[PDB]
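In what follows, a structure is listed as structure tokens, so that the remarks can point back to it.
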Amino acid sequence: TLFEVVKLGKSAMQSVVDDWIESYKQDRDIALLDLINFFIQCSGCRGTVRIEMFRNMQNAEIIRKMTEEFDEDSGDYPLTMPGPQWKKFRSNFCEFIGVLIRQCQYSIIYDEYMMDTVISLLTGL
DNA sequence: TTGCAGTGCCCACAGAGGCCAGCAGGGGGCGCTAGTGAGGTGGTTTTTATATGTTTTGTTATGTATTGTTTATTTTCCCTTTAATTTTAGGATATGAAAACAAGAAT
């Protein structure tokens, strides 16, 4: 529930950034799954990415499936819904990306693992 | 004149072939109808589309609460100066205790 944790009043953004760093050092797959799930539920898609469906089958059919499994109740998406709670949601989202990527610049960002999948999925979407 | 060898004629029943009704062969043209097949029109609904009313969303303005700012009255740390207050002899007191005297008592 990293989408909800980042959204619903995160006390310290660097704290959950370090939590994601610790989970990635523990196991790359689960932290990558959590980051992808965070991005998908940040896109307004209420579908949840699973371990095998992230690991095995590719990103374009993931995009097609989440287009089929968007599960909307309205046409609005979290980038345009009214204001306050969602405005601070968007700010926390941007700051989480910035702090998470910038904090790993010393040793983690040269493992050549997360950026391939992240770039592929984000480019496809 | 006759017997014999050969001819004439008349009939008749077969023999034959045209005449004729009967009958079957292939094909042309009409009287009439059941049964679909398709095409056109009308009705129905229906579905898209359009417009109106209500409500939801976004924007604006006012009031309250929070943070900051130079005063500003504590307040408090640090002097130099007294006002109790304490300590050390120095003399006087007192209350005791021997010491001498005087008074019973004994020898």
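Simple scheme: letters A, B, ... for chains in structure tokens order, numbers from 1 for residues in each chain, numbers from 1 for ligands in the order shown.
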Those in segment 5-105 of chain A with helix (DSSP H, G or I) from DSSP, as a ChimeraX atom specification: /A:5-7,13-26,28-42,51-55,59-68,84-103
Considering only C-alpha atoms (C1' of nucleotides), extract the chain B residues located within 12 Å of chain A and return them as an mmCIF file with N, CA and C atoms (P, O5', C5', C4', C3', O3' and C1' of nucleotides), in the first residue's frame.
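Result file follows (out.cif):
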```
data_model
loop_
_atom_site.group_PDB
_atom_site.id
_atom_site.type_symbol
_atom_site.label_atom_id
_atom_site.label_comp_id
_atom_site.auth_asym_id
_atom_site.auth_seq_id
_atom_site.Cartn_x
_atom_site.Cartn_y
_atom_site.Cartn_z
ATOM 1 P P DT B 56 -24.738 16.703 -5.935
ATOM 2 O "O5'" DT B 56 -23.282 16.575 -6.574
ATOM 3 C "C5'" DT B 56 -23.153 16.519 -7.992
ATOM 4 C "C4'" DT B 56 -21.921 17.279 -8.482
ATOM 5 C "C3'" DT B 56 -20.795 17.487 -7.468
ATOM 6 O "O3'" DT B 56 -19.579 17.595 -8.159
ATOM 7 C "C1'" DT B 56 -21.521 19.560 -8.179
ATOM 8 P P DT B 57 -18.211 16.986 -7.587
ATOM 9 O "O5'" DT B 57 -17.127 17.844 -8.386
ATOM 10 C "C5'" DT B 57 -17.457 18.349 -9.682
ATOM 11 C "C4'" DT B 57 -16.826 19.716 -9.949
ATOM 12 C "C3'" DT B 57 -15.586 20.056 -9.122
ATOM 13 O "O3'" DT B 57 -14.776 20.932 -9.865
ATOM 14 C "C1'" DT B 57 -17.185 21.668 -8.721
ATOM 15 P P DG B 58 -13.177 20.831 -9.824
ATOM 16 O "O5'" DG B 58 -12.735 22.287 -10.298
ATOM 17 C "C5'" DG B 58 -13.574 23.032 -11.177
ATOM 18 C "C4'" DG B 58 -13.533 24.523 -10.850
ATOM 19 C "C3'" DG B 58 -12.291 25.025 -10.108
ATOM 20 O "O3'" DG B 58 -12.097 26.373 -10.441
ATOM 21 C "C1'" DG B 58 -14.133 25.484 -8.815
ATOM 22 P P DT B 59 -10.637 27.006 -10.631
ATOM 23 O "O5'" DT B 59 -10.935 28.562 -10.427
ATOM 24 C "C5'" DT B 59 -12.226 29.079 -10.774
ATOM 25 C "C4'" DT B 59 -12.671 30.198 -9.834
ATOM 26 C "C3'" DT B 59 -11.551 30.927 -9.091
ATOM 27 O "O3'" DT B 59 -11.964 32.243 -8.829
ATOM 28 C "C1'" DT B 59 -12.998 30.033 -7.533
#
```
Exercise: residue 38 of chain A partners within 12 Å, only C-alpha atoms (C1' of nucleotides), chain neighbours under 2 positions left out, as an NGL selection string: :A and (1-7 or 20 or 31-36 or 40-49 or 89 or 92-93 or 96-97)
Atomic separation - atom CA of residue 117 of chain A relative to atom CA of residue 70 of chain A, Å: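 Value for the atom CA of residue 70 of chain A-atom CA of residue 117 of chain A distance: 20.8 Å.
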Spatial neighbours of segment 22-27 of chain A, max dist 12 Å, only C-alpha atoms (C1' of nucleotides), sep filter under 2 positions, as an MDAnalysis selection string: chainID A and resid 15:20 29:35 100 104 107:109 111 113:114
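Rounded to one decimal, atom CA of residue 8 of chain A and atom CA of residue 86 of chain A lie 9.6 Å from each other.
When atom CA of residue 11 of chain A is paired with atom CA of residue 88 of chain A, their separation reads 12.5 Å.
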